[PDB]
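Undergrad:
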Amino acid sequence: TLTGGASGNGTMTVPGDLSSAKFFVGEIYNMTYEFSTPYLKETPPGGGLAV
Amino acid sequence: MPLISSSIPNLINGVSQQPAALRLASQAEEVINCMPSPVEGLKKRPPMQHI
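Line order of the protein sequences matches chains U and R.
Quick note, in the working numbering, the first sequence goes up one by one and the last residue is 1297.
Quick note, in the working numbering, the second sequence goes up one by one and the last residue is 183.
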C-alpha cells in the first residue's frame, strides 16, 4: 500500500511472524557491465600499439 | 615468393610534398574536405549552416 499507515507512511505485508526478527528494508537496484569488442593488438615497426 | 602483408595503422597524418621514398607511409598525398581527428579517425567535414 503506497500510503495509509500512521502519519501517511507506507505499509507492507509479508508472510510469517516477524514481530521479533532482525531485518533491513529498502529498494533494489541493478548493475550492468557491457564488454567491448575483443580484438588483437600487435606492435608496429614504428613503436607503440595497433589493433 | 612469400605472399605477405602489412597494415596502415592510422590515417590522421595529413598531406606531404616529400618524394614518396622519404615519407612515413602513414602520410597521404591529397586531402580535401576531411576532418582527421584522434577520437574517431578520418571523417567527412562538418556542414556549414546559414544565419
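Here a beta-carbon is modelled for each residue, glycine too, at the ideal position from N, C-alpha and C.
1) How many whole angstroms separate the CB atoms of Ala160 of chain R and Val147 of chain R, which I take to be in contact at a CB cut-off of 8 Å?
2) In the structure shown, what three-state DSSP assignment does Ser169 of chain R receive?
3) What does a CB cutoff of less than 8 Å around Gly173 of chain R pick up in its chain, not counting 5 residues either side in sequence?
4) Please report how far the alpha carbon of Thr1247 of chain U lies from the alpha carbon of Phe1281 of chain U, in whole angstroms.
5) If you run the structure through DSSP and keep just helix, strand and coil, what is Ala160 of chain R?
6) Against chain R, with Cβ distances strictly below 8 Å, would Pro1290 of chain U count as a contact?
7) Using 8 Å as the limit for Cβ to Cβ distance, is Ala1296 of chain U near chain R?
8) Tell me whether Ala1252 of chain U sits in a helix, a strand or coil according to DSSP, three-state version.
TA: Taking the geometry as given:
1) By 1-based counting over the second sequence, the position of residue 160 of chain R is 28. By 1-based counting over the second sequence, the position of residue 147 of chain R is 15. Correct: roughly 6 Å between the Cβ atoms.
2) Taking the second sequence and counting its residues from 1, the one referred to as residue 169 of chain R is at position 37. It is a strand residue.
3) Position 41 of the second sequence, counting from 1, holds the residue named residue 173 of chain R. These residues qualify, in order along the chain: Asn142, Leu143 and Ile144.
4) Translated into positions along the first sequence, residue 1247 of chain U becomes position 1. Translated into positions along the first sequence, residue 1281 of chain U becomes position 35. So the two alpha carbons sit approximately 40 Å from each other.
5) The sequence position of residue 160 of chain R within the second sequence is 28, counting from 1. Strand.
6) On the first sequence, position 44 is the one that residue 1290 of chain U refers to. True, the Cβ-Cβ gap to chain R drops below 8 Å.
7) Taking the first sequence and counting its residues from 1, the one referred to as residue 1296 of chain U is at position 50. By this cut-off, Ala1296 of chain U is an interface position.
8) To locate residue 1252 of chain U, count along the first sequence from 1; it is residue 6. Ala1252 of chain U falls in the helix class under three-state DSSP.
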